[PDB]
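Okay, so here's the structure we're looking at.
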Amino acid sequence: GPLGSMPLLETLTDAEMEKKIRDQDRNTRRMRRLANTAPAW
């Protein structure tokens, strides 16, 4: 049921995938707007 050590045979669904993606997107985006200074052009 719950989660554990980054497995590699626990086929998930669109909810789990979107959950991790959305979570990582909010965390990265949040830390990005407050942690990212890559200039160019």
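Nothing in this text is a laboratory measurement; each read-out follows from the coordinates by a stated rule. With ideal geometry, Cβ positions are generated from the backbone for all residues, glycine too; neighbour counts draw on all protein chains shown.
Residue-wise, which Karplus ³J(HN,Hα) couplings in Hz belong to segment 12-17, taking 6.51 cos²θ - 1.76 cosθ + 1.60, θ = phi - 60°, and x for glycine or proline?
These are the phi-based 3J(HN,Hα) values: 10, 10, 6, 5, 5, 4 Hz.
Grab every C-alpha pair in the chain, bin the distances at 10 angstrom width from 0 up to the longest one, and report whole percents.
Final binned percentages: 22, 37, 24, 13, 3.
Treating only the Cβ atoms of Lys and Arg (+1) and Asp and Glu (-1) as charged, compute the dipole magnitude of the chain about its Cα centre; round to the nearest 20 debye.
It works out to roughly 400 debye.
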